[PDB]
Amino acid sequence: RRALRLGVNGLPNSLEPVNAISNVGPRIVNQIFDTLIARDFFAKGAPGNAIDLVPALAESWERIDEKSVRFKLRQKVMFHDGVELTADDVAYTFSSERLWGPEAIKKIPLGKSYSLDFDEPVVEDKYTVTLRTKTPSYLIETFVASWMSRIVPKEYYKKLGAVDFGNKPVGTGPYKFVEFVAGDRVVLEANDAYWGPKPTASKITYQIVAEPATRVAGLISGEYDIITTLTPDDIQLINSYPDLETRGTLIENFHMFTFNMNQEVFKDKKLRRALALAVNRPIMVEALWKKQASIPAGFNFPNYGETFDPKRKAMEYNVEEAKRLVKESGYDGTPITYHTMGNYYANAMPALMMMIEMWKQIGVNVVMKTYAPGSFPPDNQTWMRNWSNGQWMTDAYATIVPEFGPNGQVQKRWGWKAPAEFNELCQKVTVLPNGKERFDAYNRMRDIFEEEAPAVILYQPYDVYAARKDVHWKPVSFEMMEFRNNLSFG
């Protein structure tokens, strides 16, 4: 078997699966671990975007009532160290201790905020576990198929602790941990004792190549088999090589910019809204994305299913109103920093430079401030920054509630003083089953989100990879790389 060499935009600071949640962690942690339920992106000849859910670590499951789901586990699955997976490991994964309780916040900072209102799991037998919520939740199934739900080994994880575990992970996945050189590379090797499809690569390397031009040259020189996070501008040249090709797809994520609302200039919604109203998304999508990116109608995406609003109007663009808001605001002309980690996000700097021009036309002076990985300054030294949100559930709950909700980081850390009505609606949508009331509540939340502008949605990126034609692998419609029944050579 051939070793797979990947040229990547960045790496997570931990391989602990919840802590690894980002654009860069899942492509690694998806290899090391498994979930109870998994998504088959290639079902019924779909081009890596199928919504179909299939058994994975759980052979079957059944919803018992409004707050519990019973899982029948696959038997004789082994973790990479030979330990057998049991309901004990699954209960530990979803426990107060490890994940959502007061004692978990120090280890998994976003565990509680991103989790459901969990009750302790119930182990019925070695291969049967019930996952429950304290209050009604119809989101258990989608949560369990998500990146929040990779199953960790209880004894090994408790032995090392979440920090050391993140540096030496043990999972049930098709690839096992070899090395992690902080801010440089991750090496994984084939897990030949895997319960599912046998791994097709002997090894996988994720080498950070921060600069996309250098990443592109690395594939050209034969240093890499697949490279990530390219832009539509790289397409024509890469495809000019008979041996190389680009592979891309729209993904279930949106790029955005957001604010440090603890800062005086951003405490009020006025300048936040003025900056949002001056963002000409069609020109950015045309110029930087070659029309391949998509512009959603608010915090509203098709993967939400029953809570997607297909009749929703496009987000407003109004330069004259934006000019009036700047004039009425307390803004003096003082430069406002916008923190970006080079091109961690595809088109980060070209998108920012276009917006700086749009903002200059409305009377706002925005200045780019570059930071290297691990050098994001203290919160109070930041004003604007770019970010992204992966839409990780088959429901509108994510990411508006975990990120922007009353218990979330945009309010708690970043100082968004959300209107009381917004927080009231977040609590309602959490417990309600699908219906008119829940549907309408999400629309009112979308309306408040656009009015308040705690963040400004740019677009869904067209995720561009490039690969050698002799490396058969298809991208999926999510911020990760799938190799199960999707990697072969020659």
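Numbers for residues come from their place in the sequence shown, where the first is 1. Basically, rigid core = biggest C-alpha set you can superpose within 1.5 Å across the two forms.
Positional deviation of Cα atoms in 8 other deposited structures of this protein after core superposition, greater for 437 to 445 or 23 to 31: Farther on average in 8 other deposited structures of this protein: 437 to 445.
Higher-deviation stretch (C-alpha RMS, rigid core fit) in 8 other deposited structures of this protein, choosing from 237 to 245 and 363 to 371: Looking at 363 to 371 versus 237 to 245 in 8 other deposited structures of this protein, the farther one turns out to be 363 to 371.
Segment of higher mean CA temperature factor, 448 to 456 or 430 to 438: According to the entry, 430 to 438 carries the higher average C-alpha B-factor.
29 to 37 versus 59 to 67 - which carries the larger mean C-alpha B factor in the record: If you average the C-alpha B-factors of 29 to 37 and of 59 to 67, the larger mean comes out for 59 to 67.
Per the PDB entry, maximal CA B factor within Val401, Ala372, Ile140, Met148: Top of the list by C-alpha B-factor: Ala372.
Residue with highest C-alpha B-factor in the PDB entry, from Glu320, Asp395, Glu252, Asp117: That would be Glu320, according to the entry.
Third of the chain's Cα B-factor distribution that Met355 belongs to, per the entry: Lowest third - that is where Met355 ends up once the chain's C-alpha B-factors are sorted.
For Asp89, the third of its chain into which the C-alpha B factor falls: Ranked within chain, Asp89 CA B lands in the lowest tercile.
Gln236, C-alpha B-factor rank within chain (lowest, middle or highest third): For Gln236, whose C-alpha B-factor we compare with every modelled residue in the chain, the answer is the highest third.
Record-listed C-alpha B factor of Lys112: chain third: Lowest third - that is where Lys112 ends up once the chain's C-alpha B-factors are sorted.
Within-chain third of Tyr127 by Cα B-factor, per the entry: For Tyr127, the deposited C-alpha B-factor lands in the middle third.
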